[PDB]
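Neighbour counts are summed over all protein chains in view; Cβ atoms, including those assigned to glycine, are modelled from backbone coordinates with ideal geometry. Basis: the model, the stated rules and, where named, an outside source; no laboratory instrument gave them.
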Amino acid sequence: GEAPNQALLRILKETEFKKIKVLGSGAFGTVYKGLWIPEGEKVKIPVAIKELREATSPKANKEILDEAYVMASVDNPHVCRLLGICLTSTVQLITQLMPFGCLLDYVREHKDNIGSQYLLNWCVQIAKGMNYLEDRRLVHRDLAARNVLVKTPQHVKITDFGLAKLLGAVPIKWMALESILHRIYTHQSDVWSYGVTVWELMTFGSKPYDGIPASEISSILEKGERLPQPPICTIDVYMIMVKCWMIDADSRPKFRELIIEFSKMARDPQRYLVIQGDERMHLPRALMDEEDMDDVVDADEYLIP
Ligand SMILES: *CCc1cc(=O)n(-c2ccccc2)c2nc(Nc3ccccc3OC)ncc12
């Protein structure tokens, strides 16, 4: 029925990597900024290390290891890569460092400097990663601006596959109606979440259905109400979002189609998004933490035999 998953899972010694700083904490564990030196080879890889805080909850480790399983099985430029696992007292996940953090945080913080070309490009890249997931038959089940991470301002990646599932077996506001009423998730249900994600970027990090109970939400959608058109948005871009939020899932557009549409728009960005002083704006020694290392390589340039 299915092809063998011959992904490699790499086990890392604790000595191989060092933790430099805490990016985040709370929930299952805390995630650290870090440096990883692989074995005999002399290279330094910037990593995000995530490890568990409330002891070794057996309940909890299934979630962390499932995340690792899914992450190892994916190889795509616009999907986040897991370098390794460290089997210490606490399970540790070593992932590629996305220096500029959360895409949601980024749009909010830099809204004044984010041009249409960047926005349309991000839309394209998310569609590409999500289409890749479709090829895999993996479903994100939780696509949001919060779950997209930015390696460079010109290069984002999808993340948070912990909840990810194979096709064919809470973020209510991002969820499709079919998902709300019947707990049904498909690639197409994923597309709807993609539409909400796009809306978040177009609104520069605004919150969808702000000050609405999730209890309300199903009725509203049943009512046929949807998110408002963003100021910056032309009707062409807004229509794409609307198609994503259609009740009939097969009616909704495919990720492969979404790649096509946004790319056309990316060709002539000012026609599809109108932003004050769009022409002016520019978006990003450098290497924080360590002074010592010019042996640093990105995870992306670091490949395995
Ligand atoms: C794929 C790698 C990965 C996963 C991940 O879960 N996080 C993450 C996301 C949200 C909160 C904490 C960690 C990653 N984060 C980062 N970088 C990062 C996180 C928070 C703030 C600032 C950041 O960049 C400097 N990189 C990869 C993550």
Query - Filtered residue count, the range 135-149, keeping only those that are in contact with a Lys or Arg (Cβ under 8 Å, 6 or more places away or on another chain) and closer than 16 Å to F255 by Cβ - result: 4
Report summary line: Expected output for the range 133-158 (first residue farther than 17 Å from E109 by Cα and not assigned by TED's automatic domain parsing to the domain that holds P46, partner of a type in the set (D, E) and part of a loop (DSSP other than H, G, I, E, B), Cβ below 6 Å, 6+ apart or cross-chain) is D142/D160
Query raised in the report: Does the range 208-215 include one or more residues that are charged (D, E, K, R) and surrounded by fewer than 17 Cβ atoms within 10 Å (Cβ to Cβ)?
Result: yes
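Can you confirm whether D210 is touching a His at 6+ places or on another chain (Cβ under 7 Å), acidic (D, E), away from the ligand (no atom under 16 Å from the Cβ) and not assigned by TED's automatic domain parsing to the domain that holds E67? Please lay out each step first, then the result.
Working: touching a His at 6+ places or on another chain (Cβ under 7 Å): no; acidic (D, E): yes; away from the ligand (no atom under 16 Å from the Cβ): yes; not assigned by TED's automatic domain parsing to the domain that holds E67: yes.
For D210, the condition - touching a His at 6+ places or on another chain (Cβ under 7 Å), acidic (D, E), away from the ligand (no atom under 16 Å from the Cβ) and not assigned by TED's automatic domain parsing to the domain that holds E67 - is not met.
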Requested in this report: State which residue is nearest to the ligand (Cβ to nearest atom) when the search covers only the range 156-170 and only residues that are assigned to a strand (DSSP E or B) and over 27 Å from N121 (Cβ atoms).
Outcome: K165
Query raised in the report: Within the range 51-76, how many residues are surrounded by fewer than 21 Cβ atoms within 10 Å (Cβ to Cβ) and farther than 18 Å from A164 by Cα?
Result: 7
Requested in this report: Scan the range 11-26 for residues that are surrounded by 11 or more Cβ atoms within 10 Å (Cβ to Cβ), assigned to a loop (DSSP other than H, G, I, E, B) and within 13 Å of the ligand (Cβ to nearest atom) and report the count.
Outcome: 0
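Going by the conditions given, is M281 more than 24 Å from the chain's Cα centre (by Cα) and either surrounded by 19 or more Cβ atoms within 10 Å (Cβ to Cβ) or within 22 Å of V148 (Cβ to Cβ) (or both)? Can you show your working first?
Numbers: more than 24 Å from the chain's Cα centre (by Cα): yes; either surrounded by 19 or more Cβ atoms within 10 Å (Cβ to Cβ) or within 22 Å of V148 (Cβ to Cβ) (or both): yes.
Yes, satisfied.
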Report summary line: (1) within 10 Å of the ligand (Cβ to nearest atom); (2) farther than 15 Å from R10 by Cβ; (3) aliphatic (A, V, I, L, M) all hold for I49 apart from (2)
